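Novice: Handing you a structure now.
Each answer follows from the model by the rule given with it, or from the source it names; none is laboratory data. Using ideal geometry, Cβ is built from the backbone for each residue, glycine included, and neighbour counts are taken over all protein chains shown.
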């Protein structure tokens, strides 16, 4: 039935700052609009009901306003627990559409990652596989390019990355990139290198090792 | 305290039937509508359907009509969501929530994770990420396990500062893999013993791996 | 307490349906689509009673949901309210649930007992909410007919 459009997709701000989130309905309906907060790893919870009423136990810094099709959620001064995903919802007869959500992320000063490379263990090699792990630790912003080089040749398709959620104490991210090779392919080459490009580094940084 | 408590995480194979539950407490369950909401990994919330427990009056979203069955046993304050034939695309967190005359879901269940995959259960293989500035990094690679989750602690939970346990990544094989790392003073490598404790409840596997330089 | 199962239609023969879980809407239904209409359990409750004014409560049949009148945004408003099934229906219903069923010619009006001269109303337009209106005889419709349903 109706569509709810939220903006921005990601709102980056610091604790102490004012946040304004938007939700726009494709059509105007008579049902009451609600806002939900979903903290990382937790279930959603009701924040605001009928566009401007705080749900039970919701702090005063949260307020809501709007009418017709345009709705707004405001946090007067952000607290670290407020960095979460926010969704709007408004019933359309018997259908219940949700907005696509807005992620509220902590903006902090730029921090270059500490880069470490780990060769495969001899125990893993014995089983016929070699996993080479590259660690990018405590960096900000989240955007980072990690390129694998084996004997100075660029690799593609043979690696996978994983990124942590923003740290609760220092607001940085950490990232792992794992290159997987067979034991035979691993022993055919000598130099294994992980090259990192990030805003905090003046030039890309490489961590490498010579097999054995 | 008003609350909704859901049944535990499920791991199934495509084609299998499944029924998950949502138990109400601290209020008259019979008197409020209960909704079901799906959240696929990394995606937003999608309403599936709603039921009035008093007379089991049920309404479904057109995207879920005929694909799932919502039911309720008001005698034990429980609402259910069931599939006769699971798909791999049904892999999602499912929430139940109480709907009120304020047109809002005021109380939510904790969620039930449903993982649908043709893979069978398997404990991880744990390998060291050996330590090679004043700071050194070390860790454990927890590879080829199924299903989620694994927990990783360091030195039986006594080492927590500087620990990062990455979210698992599903490999092409249908098995998961992750690393858990910790940064420590490089001067402590000769003094301190570092052991990662890996627990995989689905396979009752518990591995303590000593990571040496 | 004595109760009767029934349906209501406004004077333009619009039927009442559940719009969502806590609101009703009025629309022209005929044939098989009439099965969508809401069935009420009308209870005969305690209250000031006159010859053409009878106090009633309007619950949804087999549901612990009742129509009630409350101030919302400083305005008398009609809502559907959840109640504890152990305690309802009862003869001594709280005033927010009481309506004075009034006979007007061959029709019925339902005045809020809490808010004098506020009535259960429908709009002339299709698919609009049932609401509480402070006018009777304007564009908004305040008169209905009642159809009896089997026990």
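Novice: Give the residues of region A:75-88 that are within 26 Å of residue B:37 (Cα to Cα) and assigned to a loop (DSSP other than H, G, I, E, B), sorted by residue number.
Specialist: Scanning region A:75-88 gives A:83, A:84.
Novice: Among the residues of region B:86-121, which ones are part of a strand (DSSP E or B) and away from chain A (no Cβ under 14 Å)?
Specialist: B:114, B:115, B:116
Novice: Identify, please: which residue in region C:90-136 is assigned to a loop (DSSP other than H, G, I, E, B) and touching a helix residue (DSSP H, G or I) at 6+ places or on another chain (Cβ under 9 Å) and is, among those, farthest from residue C:76 (Cα to Cα)?
Specialist: My answer is C:113.
Novice: Identify all residues within region B:8-51 that are at negative phi, within 14 Å of chain A (Cβ to nearest Cβ) and part of a loop (DSSP other than H, G, I, E, B); write none if there are none.
Specialist: Residues satisfying the conditions are B:9, B:27, B:32, B:40, B:41, B:43, B:44, B:45.
Novice: Looking at B:92, B:97, B:104, B:168, which is the one that is in contact with a strand residue (DSSP E or B) (Cβ under 6 Å, 6 or more places away or on another chain) and farther than 30 Å from residue A:91 by Cα?
Specialist: Going through B:92, B:97, B:104, B:168 in turn, the sole match is B:168.
Novice: Of all strands (runs of 3 or more DSSP E) completely enclosed by region A:89-206, which ones contain at least 1 residues that are within 13 Å of chain B (Cβ to nearest Cβ), closer than 26 Å to residue B:165 by Cβ and over 18 Å from the mean Cα position of the chain (by Cα)?
Specialist: The strands (runs of 3 or more DSSP E) meeting that bar are A:114-118, A:129-139, A:159-163, A:173-182, A:191-197.
Novice: What tally of residues in region A:55-69 results from selecting those that are within 14 Å of another protein chain (Cβ to nearest Cβ) and in a strand (DSSP E or B)?
Specialist: So the answer is 3.
Novice: Can you pull out every residue in region B:156-169 that is in a strand (DSSP E or B) and more than 7 Å from chain A (Cβ to nearest Cβ)?
Specialist: Once the filter is applied, which keeps residues that are in a strand (DSSP E or B) and more than 7 Å from chain A (Cβ to nearest Cβ), region B:156-169 yields B:159, B:163, B:165.
Here's the yes/no breakdown for (1) within 24 Å of residue A:87 (Cα to Cα); (2) buried (at least 24 other Cβ atoms within 10 Å of the Cβ):
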{"position": "B:17", "(1), (2)": "no, no"}
{"position": "B:22", "(1), (2)": "yes, yes"}
{"position": "B:28", "(1), (2)": "no, no"}
{"position": "B:31", "(1), (2)": "no, no"}
{"position": "B:36", "(1), (2)": "yes, yes"}
{"position": "B:41", "(1), (2)": "yes, no"}
{"position": "B:46", "(1), (2)": "yes, no"}
{"position": "B:55", "(1), (2)": "no, no"}
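Novice: Right, another one. State all residues of region B:180-209 that are more than 14 Å from residue B:145 (Cβ to Cβ), in a loop (DSSP other than H, G, I, E, B) and either more than 14 Å from every other protein chain (Cβ to nearest Cβ) or in contact with a helix residue (DSSP H, G or I) (Cβ under 8 Å, 6 or more places away or on another chain) (or both); if no residue qualifies, say none.
Specialist: B:190, B:191, B:192, B:193, B:194
Novice: Here's a follow-up. So is residue A:83 surrounded by 15 or more Cβ atoms within 10 Å (Cβ to Cβ) and under 20 Å from residue A:165 (Cβ atoms) or not?
Specialist: yes
Novice: Related question: Confirm whether residue A:72 is part of a strand (DSSP E or B) and away from chain B (no Cβ under 14 Å).
Specialist: yes
Novice: Specify the residue that is nearest to residue B:85 (Cα to Cα); the eligible residues are those in region B:52-73 that are within 10 Å of chain C (Cβ to nearest Cβ) and assigned to a loop (DSSP other than H, G, I, E, B).
Specialist: This residue is B:56.
Novice: May I pose another question? Given A:171, A:176, A:156, which one is surrounded by 19 or more Cβ atoms within 10 Å (Cβ to Cβ) and either in the same structural domain as residue A:85 (by CATH) or closer than 27 Å to residue A:212 by Cβ (or both)?
Specialist: Going through A:171, A:176, A:156 in turn, the sole match is A:176.
Novice: Can you tell me which of C:81, C:94, C:62 is surrounded by fewer than 22 Cβ atoms within 10 Å (Cβ to Cβ) and farther than 20 Å from residue C:130 by Cβ?
Specialist: Criteria check complete, one pass: C:94.
Novice: Could you list, in sequence order, the residues of region C:56-69 that are in a strand (DSSP E or B) and either in contact with a strand residue (DSSP E or B) (Cβ under 6 Å, 6 or more places away or on another chain) or closer than 12 Å to residue C:90 by Cα (or both)?
Specialist: If the condition is that a residue be in a strand (DSSP E or B) and either in contact with a strand residue (DSSP E or B) (Cβ under 6 Å, 6 or more places away or on another chain) or closer than 12 Å to residue C:90 by Cα (or both), then C:56, C:57, C:58, C:59, C:65, C:66, C:67, C:68, C:69 are the ones that fit.
Novice: Which condition from (1) closer than 20 Å to residue C:77 by Cα; (2) under 13 Å from the mean Cα position of the chain (by Cα) is the one that residue C:7 breaks?
Specialist: The one condition residue C:7 does not meet is (1).
Novice: Test of understanding: among B:153, B:172, B:177, B:132, which residue is out of contact with any helix residue (DSSP H, G or I) (no Cβ under 9 Å at 6 or more places or on another chain), surrounded by 13 or more Cβ atoms within 10 Å (Cβ to Cβ) and in a loop (DSSP other than H, G, I, E, B)?
Specialist: B:132 is the lone residue from the list that is out of contact with any helix residue (DSSP H, G or I) (no Cβ under 9 Å at 6 or more places or on another chain), surrounded by 13 or more Cβ atoms within 10 Å (Cβ to Cβ) and in a loop (DSSP other than H, G, I, E, B).
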